[PDB]
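Data block below; observations after.
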Amino acid sequence: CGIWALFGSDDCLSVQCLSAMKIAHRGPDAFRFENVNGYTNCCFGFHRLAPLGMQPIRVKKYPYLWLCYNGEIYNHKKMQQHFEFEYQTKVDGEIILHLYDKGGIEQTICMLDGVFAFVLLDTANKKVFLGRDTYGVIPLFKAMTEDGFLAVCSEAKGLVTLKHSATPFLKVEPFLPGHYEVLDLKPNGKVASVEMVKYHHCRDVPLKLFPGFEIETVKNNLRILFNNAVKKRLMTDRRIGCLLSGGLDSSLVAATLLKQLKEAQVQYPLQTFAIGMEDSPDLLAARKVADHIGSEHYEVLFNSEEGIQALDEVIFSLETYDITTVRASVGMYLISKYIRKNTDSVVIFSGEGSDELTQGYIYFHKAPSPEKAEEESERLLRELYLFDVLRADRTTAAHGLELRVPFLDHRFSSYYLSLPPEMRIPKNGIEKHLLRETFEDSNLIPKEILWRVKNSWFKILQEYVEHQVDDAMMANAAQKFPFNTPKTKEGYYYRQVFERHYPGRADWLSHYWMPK
Amino acid sequence: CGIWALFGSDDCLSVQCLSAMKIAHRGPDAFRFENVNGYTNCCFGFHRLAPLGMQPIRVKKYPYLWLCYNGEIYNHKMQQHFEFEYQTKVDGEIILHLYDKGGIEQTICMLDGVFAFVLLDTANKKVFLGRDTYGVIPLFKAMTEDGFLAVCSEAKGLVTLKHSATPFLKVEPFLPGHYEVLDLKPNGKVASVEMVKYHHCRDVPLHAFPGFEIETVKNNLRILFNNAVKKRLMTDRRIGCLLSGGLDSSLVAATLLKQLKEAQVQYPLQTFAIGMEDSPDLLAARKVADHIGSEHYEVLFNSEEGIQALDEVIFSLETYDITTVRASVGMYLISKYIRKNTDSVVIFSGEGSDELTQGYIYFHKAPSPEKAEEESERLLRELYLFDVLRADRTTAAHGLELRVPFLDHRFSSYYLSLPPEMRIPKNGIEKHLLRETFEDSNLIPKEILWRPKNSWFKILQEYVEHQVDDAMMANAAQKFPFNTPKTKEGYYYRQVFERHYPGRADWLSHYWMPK
């Protein structure tokens, strides 16, 4: 789904509908453009994927509450029962209105375990509220003007097109994950920012066994939390698939997903997807996992020409120029296109965030101290809304598909980060040793995968960019891209394409990778 | 309230949204712009006039029915007769409750009120377009041979539309009294299937003295006029009136005030009269207001504003007819004054009396009463272009509403069913039956009931005399081949209309027939 708001508008709302429709790829099934009574300058916009729920949500009990949200709140039945809240509509996000009425904005955002990005408007109290998930899933982009012009969109493609007269420059920036912004609605449609507070994560009480921090009492808790995350991500009326990259995280996610699906009396078989080159070891591992679990495996053979042609599309969708995310997202875009075309699975489960939480990266072997490794992991999790969640989310949503990341749930990630740093660090030369040990006896995935001319894909990209980028431009790039100057030709070409699609807005990224 | 629906659109939808906002003046409170699931090419748009609804009506009992209408029916509270539960607070949902009951022919023939609706049935794969018998609520359709369809309220919301597959699209006013059925092809585009008239009264059997003697007809006419005013009274907005100083406006104002007093209405009636300084029409309006006690607001509009409002009047009225523009200048000014310095939205006016009651001066020179009846029926059929068109385009242009009490289905059917001798002028005075009907109720002073019948045309001609050169009137036969203006005023109106609406000048076939 795609949310969109235009609180404050000196221009007409018809010239500003093209920007709203620029994110129509998120849901190509419905679209509603609606204004707000008394504040006709401010409007809304929603896109839906897959009967008679739509947005904005205006309920009879709260006539002054206007909510435009996209994502999934998993603990809505566990809270509509704890506090009786009659829901007029079948929308998952209706509980946000009730929680806001009951206890304001601070308590309506800390009890939404799940992924979400919402815009809330209160005419009675004359206030506007924004929100994003604590890890950056379900992104949000905000554009603010000193006059009081406010814009919010799911992606940045819906804000750069927007025209605001009486102000030459409009600043479009990604909404900081884990934050809520309270702004005051002036009686002319404009807004004035009143506060911006980070609510961090939470460890919800209404969600078994959590004795302490012993080795045998940690693996059991990790298993319980992972299974609970998969179970709570299961809830949906749409088909669920999986992306088998061949790694430990994807294999564990697929195995647990299959087990919980079988426990949920689900009729459709699970569809696991793998993308790679011919006879690649990753594809072999994915096929081994699929055969071990018995899932409908769909292998996609990567051809370099398709990636070369789709470089521009993936740069446009991802809205970034970082080399690593583009290289890792070209294949994800292709596999999402294949899933949309040849299969009927929309909900996609991936093991994104495991490497940045379970110390899964190679350079973590060179951490001077476990505390440094923990700090690096926390920093990666904070900056996850720009590198991997962006790659796993924008590319997935570019084809009308939904993303689920069980490794990025609040409870399991919080418990893993609360573990002593001596346990998260690699122990016997293998990264993420604790996660591998926690599933030794469950027999979820084969043992050889549990504990585990060279990669001839980046060579094609390197040679293509080298042929397409001149050395004189690279020398000139110091005075051509003053902010985040590319150091290689690949970065230069990615930046060139990104500026061609988005001119002058390159502040969305400030670093690349690898703090060895 | 304005409605704007697209079917079979191929040139996206965001670039086609700016055409809908051209009718935002009808309702400036809210605005919706929806789509059709499975038919993304099709889209809907509603402009609401003022708490929680919009009119892409989808009722959970009929998930495949999407209705958009801009009007108000007076027979919905048929709900008691049919025991039809209504999910929403709108009075158009019953249309769906009727469409499943008996189709579209029976639904549109039992709607007592003004309406122009578009309905989409996905299950039956059809689109239905409807308009009232006298066309009080406007409706304009633009259809291409490819399958494109654009149904709006006014025409200003369709001339902006773009067809990337056809150079020219024909925007024509939907006929007043027809229902149109179109087959919904899978590609969103719609072909043309059927278009049948439904005419007039068929709802009076299933909802609420024979003879033609002079007393019985008078009693029946009084009863029907009172019933029309009473059924038009129902609304949540304030009710005003336009005191033109004539018989029809005075009668409507008196009956409206009497019913409002019978309705325990707290707010006083607001009667508005626009005219020149010290004019007989304004004096008559003041006399009527004093006799009935309504709060009277008088506007002494000067020639400068009327001249400066000619462009906007022609833009809103979408016509180049001389008389329509002449009356529409004053109607537009009085509507602007009403919106600006008054909280009254619903307006009552006698638009349809001079045609249905044969109250024009030239009706005296009638070759026969049958000829007069035929002329009156011809005027009623073309009423959606001259008088109703102005009374709607100059009212909805300021976020107001028009409630014509004289063009009631039962009242018109009974008046037109009378012998032609009674309708014709009796003693050299037109509308004799209407005047005799209310001669005992003491609604309005006798000096105004009788005595049948302000220099604004002269300044209009003076302004448009040094604006159309004598050379520009010589080539009018080669500059405006269709409906060539015979006067300089008509040439000015036509040039303004062409500047606002280029090429699409076939909406008005004739100009106006005084005989």
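Ordered as shown in the structure tokens, chains take letters A, B, and onward, while each chain numbers its residues from 1 and ligands are numbered from 1 in the order shown.
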Range 166-172 of chain B: which residues within 7 Å, counting only C-alpha atoms, same-chain residues fewer than 3 positions away excluded, as a PDB file with N, CA, C and O atoms, in the first residue's frame?
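Generated file (out-v4.pdb):
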```
ATOM      1  N   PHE B 140     -23.548  16.012 -18.801  1.00  0.00           N
ATOM      2  CA  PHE B 140     -22.908  16.089 -20.107  1.00  0.00           C
ATOM      3  C   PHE B 140     -22.105  14.819 -20.343  1.00  0.00           C
ATOM      4  O   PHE B 140     -21.319  14.409 -19.483  1.00  0.00           O
ATOM      5  N   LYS B 141     -22.303  14.201 -21.503  1.00  0.00           N
ATOM      6  CA  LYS B 141     -21.617  12.970 -21.860  1.00  0.00           C
ATOM      7  C   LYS B 141     -20.716  13.203 -23.064  1.00  0.00           C
ATOM      8  O   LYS B 141     -21.097  13.883 -24.022  1.00  0.00           O
ATOM      9  N   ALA B 142     -19.511  12.647 -22.994  1.00  0.00           N
ATOM     10  CA  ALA B 142     -18.552  12.662 -24.089  1.00  0.00           C
ATOM     11  C   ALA B 142     -18.174  11.223 -24.395  1.00  0.00           C
ATOM     12  O   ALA B 142     -17.583  10.543 -23.551  1.00  0.00           O
ATOM     13  N   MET B 143     -18.525  10.757 -25.591  1.00  0.00           N
ATOM     14  CA  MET B 143     -18.316   9.369 -25.971  1.00  0.00           C
ATOM     15  C   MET B 143     -17.609   9.305 -27.315  1.00  0.00           C
ATOM     16  O   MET B 143     -17.929  10.063 -28.235  1.00  0.00           O
ATOM     17  N   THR B 144     -16.647   8.395 -27.418  1.00  0.00           N
ATOM     18  CA  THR B 144     -15.893   8.169 -28.638  1.00  0.00           C
ATOM     19  C   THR B 144     -16.219   6.785 -29.185  1.00  0.00           C
ATOM     20  O   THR B 144     -16.616   5.884 -28.440  1.00  0.00           O
ATOM     21  N   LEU B 158     -15.303  18.511 -19.050  1.00  0.00           N
ATOM     22  CA  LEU B 158     -15.070  17.564 -20.129  1.00  0.00           C
ATOM     23  C   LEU B 158     -14.263  18.125 -21.290  1.00  0.00           C
ATOM     24  O   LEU B 158     -13.614  17.344 -21.995  1.00  0.00           O
ATOM     25  N   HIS B 163      -7.999  12.753 -25.334  1.00  0.00           N
ATOM     26  CA  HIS B 163      -7.989  11.416 -25.915  1.00  0.00           C
ATOM     27  C   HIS B 163      -6.717  11.256 -26.737  1.00  0.00           C
ATOM     28  O   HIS B 163      -6.521  11.958 -27.735  1.00  0.00           O
ATOM     29  N   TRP B 507     -23.982  22.790 -28.811  1.00  0.00           N
ATOM     30  CA  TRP B 507     -24.870  22.509 -27.689  1.00  0.00           C
ATOM     31  C   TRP B 507     -26.200  23.237 -27.829  1.00  0.00           C
ATOM     32  O   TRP B 507     -27.228  22.745 -27.350  1.00  0.00           O
TER      33      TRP B 507
END
```
Backbone-only DSSP, strand (DSSP E) members of range 102-333 of chain A, as a ChimeraX atom specification: /A:114-122,127-132,141-144,150-153,171-174,179-185,191-198,240-243,271-276,296-301
Counting only C-alpha atoms, chain A residues within 12 Å of chain B, as a ChimeraX atom specification: /A:12-24,27-66,89
Long-range neighbours of range 333-337 of chain A as a compact mmCIF listing (two decimals) with C-alpha atoms, in the first residue's frame, 8 Å cut-off, only C-alpha atoms, 2 positions minimum in chain:
```txt
# COMPACT_ATOMS: atom_id res chain seq x y z
CA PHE A 273 12.23 -18.45 -4.92
CA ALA A 274 15.95 -18.35 -5.73
CA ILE A 275 17.86 -16.09 -8.12
CA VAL A 300 15.25 -17.91 -11.76
CA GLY A 307 20.46 -6.49 -14.98
CA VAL A 314 16.30 -0.36 -9.76
CA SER A 329 18.81 -5.23 -5.35
CA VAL A 330 19.02 -5.83 -9.11
CA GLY A 331 18.50 -9.55 -8.56
CA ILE A 339 7.12 -13.75 -8.59
CA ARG A 340 4.49 -11.22 -9.67
CA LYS A 341 4.37 -12.58 -13.23
CA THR A 395 12.19 -3.43 -5.04
CA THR A 396 9.53 -5.71 -3.53
CA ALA A 398 7.74 -1.93 -7.14
CA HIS A 399 5.83 -5.04 -8.31
CA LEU A 401 4.38 -7.30 -3.36
```
Polymer residues at most 10 Å from residue 508 in chain A, only C-alpha atoms, same-chain spacing of 2 or more positions, as a JSON list (two decimals) with C-alpha atoms, in the first residue's frame:
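Now in part.json:
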```json
[["chain", "number", "residue", "atom", "x", "y", "z"],
["A", 156, "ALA", "CA", 10.36, 9.92, -2.50],
["A", 172, "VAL", "CA", 12.46, 16.03, 0.78],
["A", 173, "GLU", "CA", 14.01, 13.79, 3.42],
["A", 174, "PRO", "CA", 13.31, 10.24, 4.61],
["A", 319, "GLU", "CA", 16.02, 5.98, -4.70],
["A", 320, "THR", "CA", 19.67, 5.50, -3.76],
["A", 321, "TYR", "CA", 23.12, 5.52, -5.37],
["A", 386, "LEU", "CA", 18.96, 3.02, 3.90],
["A", 505, "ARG", "CA", 18.50, 15.57, -3.96],
["A", 506, "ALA", "CA", 21.53, 13.50, -2.90],
["A", 510, "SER", "CA", 25.85, 9.83, 3.62],
["A", 511, "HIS", "CA", 27.95, 6.63, 3.84]]
```
Near range 380-387 of chain B, counting only C-alpha atoms, which residues have an atom at most 6 Å away, once you skip same-chain residues fewer than 2 positions from it, shown as a VMD selection string? chain B and resid 135 324 377 to 378 389 to 390
Output the selection as a CSV table (one decimal), in the first residue's frame - N, CA, C and O atoms for each residue.
```
chain,number,residue,atom,x,y,z
B,135,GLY,N,-34.5,18.1,-16.8
B,135,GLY,CA,-33.0,18.4,-16.8
B,135,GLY,C,-32.6,19.5,-15.8
B,135,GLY,O,-31.8,20.3,-16.1
B,324,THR,N,-30.8,34.1,-22.2
B,324,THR,CA,-30.2,33.3,-21.1
B,324,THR,C,-29.1,34.1,-20.4
B,324,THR,O,-29.0,34.2,-19.2
B,377,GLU,N,-45.4,22.7,-24.5
B,377,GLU,CA,-44.7,21.4,-24.4
B,377,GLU,C,-43.3,21.5,-25.0
B,377,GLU,O,-42.4,20.9,-24.5
B,378,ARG,N,-43.2,22.2,-26.2
B,378,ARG,CA,-41.9,22.3,-26.8
B,378,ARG,C,-41.0,23.1,-25.9
B,378,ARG,O,-39.8,22.8,-25.8
B,389,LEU,N,-31.3,25.9,-17.4
B,389,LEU,CA,-29.8,25.9,-17.5
B,389,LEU,C,-29.2,27.1,-16.8
B,389,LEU,O,-28.2,27.0,-16.1
B,390,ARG,N,-29.8,28.3,-17.0
B,390,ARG,CA,-29.3,29.5,-16.3
B,390,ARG,C,-29.5,29.4,-14.8
B,390,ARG,O,-28.6,29.6,-14.0
```
Check range 106-304 of chain A with DSSP on the backbone and list each residue it calls helix (DSSP H, G or I), as a PyMOL selection string. chain A and resi 106-109+156-158+215-234+248-263+281-293+304
List the neighbours of residue 492 in chain A out to 10 Å using only C-alpha atoms; skip same-chain residues closer than 3 positions along the sequence, and give me the result as a list in words.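 The contact residues come out as residues 321, 322, 323, 465, 469, 470, 473, 474, 477, 481, 485, 486, 487, 488, 489, 495, 496, 497 and 498 of chain A.
Of the listed residues B:226, B:335, B:303, B:323, the one whose atoms come nearest to residue 463 in chain B is B:303, with distances taken using only C-alpha atoms.
The nearest approach to residue 351 in chain B among the residues B:194, B:470, B:91, B:248, with only C-alpha atoms taken into account, belongs to B:248.
For the pair CA of residue 287 in chain B and CA of residue 247 in chain B, the interatomic distance is 12.4 Å.
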Distance CA of residue 262 in chain A-CA of residue 440 in chain A, one decimal place?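 Between CA of residue 262 in chain A and CA of residue 440 in chain A the gap works out to 21.1 Å.
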Of the residues A:74, A:268, A:338, A:210, which is the one nearest to residue 235 in chain A, using only C-alpha atoms?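 Smallest separation from residue 235 in chain A among the options: A:74.
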Between B:214, B:513, B:94, B:282, single out the one closest to residue 433 in chain B, counting only C-alpha atoms.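 Closest to residue 433 in chain B of all the choices is B:214.
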